[PDB]
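**Student:** My questions all concern the structure below.
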Amino acid sequence: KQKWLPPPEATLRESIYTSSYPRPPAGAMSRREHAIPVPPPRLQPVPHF
Amino acid sequence: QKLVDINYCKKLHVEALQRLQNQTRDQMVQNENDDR
Amino acid sequence: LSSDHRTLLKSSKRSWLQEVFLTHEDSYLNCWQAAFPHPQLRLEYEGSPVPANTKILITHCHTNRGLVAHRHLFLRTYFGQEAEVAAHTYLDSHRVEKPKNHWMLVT
Amino acid sequence: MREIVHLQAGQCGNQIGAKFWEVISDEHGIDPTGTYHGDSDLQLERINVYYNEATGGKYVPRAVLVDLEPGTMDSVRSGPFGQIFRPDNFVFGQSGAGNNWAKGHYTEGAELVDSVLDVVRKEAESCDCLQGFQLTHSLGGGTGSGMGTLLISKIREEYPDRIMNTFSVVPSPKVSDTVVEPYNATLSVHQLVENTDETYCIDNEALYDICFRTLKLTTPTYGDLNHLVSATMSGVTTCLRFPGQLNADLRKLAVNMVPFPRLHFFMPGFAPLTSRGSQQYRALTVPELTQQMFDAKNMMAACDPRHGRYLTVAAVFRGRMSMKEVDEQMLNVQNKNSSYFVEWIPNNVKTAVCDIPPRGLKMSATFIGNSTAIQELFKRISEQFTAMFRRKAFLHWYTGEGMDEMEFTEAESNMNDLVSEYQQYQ
Amino acid sequence: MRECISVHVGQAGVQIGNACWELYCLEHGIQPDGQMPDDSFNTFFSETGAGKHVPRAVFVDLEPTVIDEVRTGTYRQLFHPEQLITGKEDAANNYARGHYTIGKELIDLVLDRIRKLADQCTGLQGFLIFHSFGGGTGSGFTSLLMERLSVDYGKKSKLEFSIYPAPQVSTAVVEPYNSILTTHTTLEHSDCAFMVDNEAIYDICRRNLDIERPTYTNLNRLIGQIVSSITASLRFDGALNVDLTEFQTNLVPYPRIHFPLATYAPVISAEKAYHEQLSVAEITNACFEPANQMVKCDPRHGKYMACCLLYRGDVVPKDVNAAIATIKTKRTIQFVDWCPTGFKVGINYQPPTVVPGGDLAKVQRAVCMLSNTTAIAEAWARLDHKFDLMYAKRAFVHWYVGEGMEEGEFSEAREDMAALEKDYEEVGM
Ligand SMILES: Nc1nc2c(ncn2[C@@H]2O[C@H](COP(=O)(O)OP(=O)(O)OP(=O)(O)O)[C@@H](O)[C@H]2O)c(=O)[nH]1
Ligand SMILES: Nc1nc2c(ncn2[C@@H]2O[C@H](COP(=O)(O)OP(=O)(O)O)[C@@H](O)[C@H]2O)c(=O)[nH]1
Ligand SMILES: [Mg+2]
């Protein structure tokens, strides 16, 4: 029945980049559990030579 | 006989066109209005 | 009251001209505009108010075609009373509008 | 950015250039005062391919509409869509040719080309990067068949890289409108092969054998027949005007359809054609837009390729699906009718995807078929041109207009051999 | 300091650079405005004194109606205005159009903008190049970029990941001539070179996932799931790390042989993976069975001659090494004799990130094998077989000659392929 009857379909005029690439929700973003912590600055050649 | 073949092909071309138009489609419109 | 630009699948019932129908939605294919039949005076009549029972042409705003009555082909209904409506502007050899297209909005 | 500057010629040229600019005007939402009252803003992005700009929101086309008597442009100025063309762009003469090549090729045509060659340099130069031009005329008149072949021969010399297409009208082979219409046709064709990039072929009983049998009609006007050849005519420039996954344009189809510059003779078609009472009774799906194209009824030439070979085959799709289920039909059709393609190409079917459908419709497709089924089309001109010229019929209309009989003789040898050039690949 | 400046060329460039650069915005913590709502972004994003994160990417096309859409829609303020390069006309399924005439006025604006990003990166590891042989910009301009990339940087790392044409279907006709003649330039000008074929992702997405009737976007997501595992170790911590220099070191034994494959193991739907165990054995079995690859050619005719493994998430080194010792022994798989050990492993802690609107589930283990083999000698065989089937009648060649080009490239690009077709059984033996 959801395949038979349509959605209201103002999406007839739709580029796939608009439909297939919308804005995702604000909470589905990945938590970086395993990442080298940045509070202590990483080992970098701060001698500029 | 060669012109017989040419005349036969010409008449069947134009005559197939006229049959396929009128006597096979005017009956179609009459059939649909009659059935409605 | 609506009518769309003619396509190859959207044609009227008996005649196959531009068809006119009824729909629920709101658009710009719903807006009509009414003008004068005498063709040398409509540019002088572009802003005058319209009297009630006078013969005025009705035309669309997107197609610029006009609503017509076909007194020549009949629609048998339940009520038995018959005609056809469409939208196609008609003009003569003198190039004025025929009596087919005149409409009156009576009160 | 890219533009298409549009050429028309005559009574064929103006009763087709009145309806092609009706379908485009419904496509981008254009009312007959110029302005825009459309819904979205995909309907205003690439509008500059066809429409110029003016005061306010006015969009007046890039149209060149030409005849040699103004009894044809008196109608097209006075239709519903007659206030949309700019009034300078009609070019009209005084005394027309009227079913004679030479009158509108040297006498009346060649003195009229010096104002049409000003209205194209005023208007091709306005465009930024013009893609090319289109023409749509008939090979059976004297306006487009003589002078339109004289603008083809005299616009390829100023701009020799921009595109040149022709929606030509070749003779109807069975029932014909004019006696001397072979003479107008066969002298245009030799003038057509050397100065045209790609050529369609639009016949009028090829339209009659659709609308009789496929749309079930019994009052088919030309105003019906001009929809069938403007549904395709805007069905080739889709991906310029609308995005997709995979795009194309007029340049990229002829790249895959002209193996050699003597070989650009197509035959077009159109998928979703059903009646109005046979309308709801079919699901509008992918295989039911490609079961119809390869059938021997849909094509807009009056020539059947079961005798011949599909040399190369094009496709341009609309609607938000041409991705995997079109790729199991284009794989199916290359395997089932396995003797209708020639060996010496890897594969023949080209593909583009526009995602926006035609208005009021869900899905579509359009055909451009380079074939060896046009060498049976040019033989029914030169089996009636040699059934006319041995008895020197109607010839006094031509030798007294400045031509000569060798020019008639030359258009035999350069079209008898072009059939003998096509004939090997079968 | 671990930068990886991406190059994407074409309509395979930007439809892939949209999907690849959508994953990284959710792999790290990036709003599509560019802001954030612990430093892994320094490979791809760059900073400002306002918190904005602009990617180190170039999108190149010769057609405005592919890149005038990415600058129109959702991910709009993320990309710099000048990082996306557009022509004015398209090279239209051709070589010389892309290589000589039209490619010569977009070779200059790109090399100003490659130089501006590369001057910003201190420890730039190397460029990534993704394009398609099937077009004008992706196959004419791209080989022109790499002909002018080697003079500016020399031995700098430039990886390939091309969209080769499929062996059964193809979108076009004259497409072999672009596919043949790109390899005469991309042999001396390519470090490592992956391959995919879109029909070999069409059948996977309908079989190994329940989603039939896809678009290229549902093919673009799995292509962007290879690339995360390629740069997996450079941003997130690992028990063993890999790097950009490591792939060509252990997969390119000879500099005329730089053609790995690509295969992604746990391709199972959001429901069908939720009801079955997915152990490290049960993902390394998928990458060796010949119905799961990202190419349409079986290595049962071929010999695996170098390998590489990548791992994600819930992996233990014990169970990695228990299932390796099985697939060494089975005789459905054989190696060449001259590679004695034939592996490289690399373990990344971070599990992969689910894309909203995709077709894969929350998983814990994954494998991205890159196993070069001798079964690409049946890929250049078919791209030759239909090239001398059609060069015998000179079937399209006039398009190419009058476009700033000469004729003699065709008669040497096939004779270049003849040597490289003879190279792959001398090494293969
Ligand atoms: N897997 C995958 N394949 C793609 C994608 N986009 C395009 N392709 C393939 O890439 C080829 C497209 O050619 P184009 O990229 O349009 O050529 P181009 O680079 O735009 O240059 P032109 O010749 O001007 O068109 C076709 O073979 C497509 O099947 C994509 O996003 N994903
Ligand atoms: N399909 C189609 N054919 C047309 C149209 N107008 C005229 N023709 C055909 O064109 C032929 C006559 O054209 P003609 O008047 O000689 O063209 P012109 O003199 O060059 O302007 C006839 O065979 C008509 O059937 C049209 O609008 N559509
Ligand atoms: Mg492009």
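Each chain in the structure tokens gets a letter, A, B and so on, in the order shown; residues start at 1 in every chain, and ligands are counted from 1 in the order they appear.
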Let me see if you get this right: every residue at most 12 Å from ligand 3, counting only C-alpha atoms and all ligand atoms, written as a PyMOL selection string.
**Tutor:** (chain D and resi 239-240+243-249+252) or (chain E and resi 8-15+59-69+85-93+98+131-132+134-139+141)
**Student:** Which residues are near ligand 2 - at most 7 Å, using only C-alpha atoms and all ligand atoms? Format: as a ChimeraX atom specification.
**Tutor:** /D:9-13,15-16,67,98-99,137-138,140-145,176-177,203-204,222-223,225-226
**Student:** Would you mind listing what lies within 10 Å of residue 13 in chain B as a ChimeraX atom specification, with only C-alpha atoms counted and same-chain residues fewer than 6 positions away left out?
**Tutor:** /B:7 /D:173-175
**Student:** Write the residues of the preceding selection, restricted to N, CA, C and O atoms, as a PDB file, in the first residue's frame.
**Tutor:**
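Okay, result.pdb is ready:
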ATOM      1  N   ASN B   7       3.713  -1.641 -60.520  1.00  0.00           N
ATOM      2  CA  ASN B   7       2.356  -1.152 -60.279  1.00  0.00           C
ATOM      3  C   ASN B   7       1.691  -1.879 -59.117  1.00  0.00           C
ATOM      4  O   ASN B   7       0.975  -1.258 -58.321  1.00  0.00           O
TER       5      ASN B   7
ATOM      6  N   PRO D 173       7.833   8.510 -49.249  1.00  0.00           N
ATOM      7  CA  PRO D 173       8.071   7.656 -50.421  1.00  0.00           C
ATOM      8  C   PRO D 173       6.813   7.128 -51.091  1.00  0.00           C
ATOM      9  O   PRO D 173       6.838   6.763 -52.270  1.00  0.00           O
ATOM     10  N   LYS D 174       5.710   7.064 -50.352  1.00  0.00           N
ATOM     11  CA  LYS D 174       4.510   6.386 -50.826  1.00  0.00           C
ATOM     12  C   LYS D 174       3.516   7.339 -51.478  1.00  0.00           C
ATOM     13  O   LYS D 174       3.240   7.227 -52.675  1.00  0.00           O
ATOM     14  N   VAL D 175       2.989   8.294 -50.715  1.00  0.00           N
ATOM     15  CA  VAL D 175       2.079   9.312 -51.226  1.00  0.00           C
ATOM     16  C   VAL D 175       2.737  10.663 -51.013  1.00  0.00           C
ATOM     17  O   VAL D 175       3.080  11.021 -49.881  1.00  0.00           O
TER      18      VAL D 175
END
**Student:** Between D:78, D:279, D:347, D:172, which has the minimum distance to chain E (counting only C-alpha atoms)?
**Tutor:**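 With only C-alpha atoms as the atom set, the closest residue is D:347.
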**Student:** Counting only C-alpha atoms, what are the residues of chain B within 12 Å of chain C, and for each of them which pair of atoms is the nearest and at what distance in Å, to one decimal? Sort the table by chain and rising number, as JSON lines.
**Tutor:**
{"residue": "B:29", "atom": "CA", "partner": "C:14", "partner_atom": "CA", "distance": 10.3}
{"residue": "B:30", "atom": "CA", "partner": "C:14", "partner_atom": "CA", "distance": 12.0}
{"residue": "B:32", "atom": "CA", "partner": "C:14", "partner_atom": "CA", "distance": 11.6}
{"residue": "B:33", "atom": "CA", "partner": "C:14", "partner_atom": "CA", "distance": 9.8}
{"residue": "B:36", "atom": "CA", "partner": "C:76", "partner_atom": "CA", "distance": 10.1}
**Student:** May I ask you to extract the residues of chain E within 7 Å of chain D, using only C-alpha atoms, and to give them as a PDB file with C-alpha atoms, in the first residue's frame?
**Tutor:**
ATOM      1  CA  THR E  65      26.726  21.073 -14.868  1.00  0.00           C
ATOM      2  CA  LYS E  88      33.518  25.794 -20.493  1.00  0.00           C
ATOM      3  CA  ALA E  92      33.242  14.644 -25.323  1.00  0.00           C
ATOM      4  CA  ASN E  93      34.529  11.020 -25.293  1.00  0.00           C
ATOM      5  CA  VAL E 169      28.671  -3.747 -20.658  1.00  0.00           C
ATOM      6  CA  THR E 171      28.482   3.118 -21.557  1.00  0.00           C
ATOM      7  CA  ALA E 172      29.947   4.113 -24.905  1.00  0.00           C
ATOM      8  CA  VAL E 173      31.605   3.058 -28.153  1.00  0.00           C
ATOM      9  CA  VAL E 174      34.863   4.890 -28.791  1.00  0.00           C
ATOM     10  CA  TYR E 202      26.199  -3.894  -9.629  1.00  0.00           C
ATOM     11  CA  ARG E 213      17.863  -1.054  -8.454  1.00  0.00           C
ATOM     12  CA  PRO E 214      20.640   1.259  -7.191  1.00  0.00           C
ATOM     13  CA  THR E 215      22.237   4.392  -8.492  1.00  0.00           C
ATOM     14  CA  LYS E 386      37.970  -5.119 -29.299  1.00  0.00           C
ATOM     15  CA  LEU E 389      38.647  -5.524 -34.133  1.00  0.00           C
ATOM     16  CA  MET E 390      37.839  -1.879 -34.724  1.00  0.00           C
ATOM     17  CA  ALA E 395      36.322   3.187 -37.531  1.00  0.00           C
ATOM     18  CA  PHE E 396      36.595   6.410 -35.566  1.00  0.00           C
TER      19      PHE E 396
END
**Student:** Show me, as a list in words, the residues of chain B whose atoms get within 9 Å of chain D, using only C-alpha atoms for the distance check.
**Tutor:**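 Those within range of chain D come out as residues 10, 13, 14, 17, 20, 21, 22, 25, 26, 28 and 29 of chain B.
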**Student:** For residue 112 in chain D, list every protein, DNA or RNA residue within 9 Å, evaluated using only C-alpha atoms, and leave out those in the same chain fewer than 6 positions away; present the list as a PyMOL selection string.
**Tutor:** chain D and resi 68+91-93+104+147
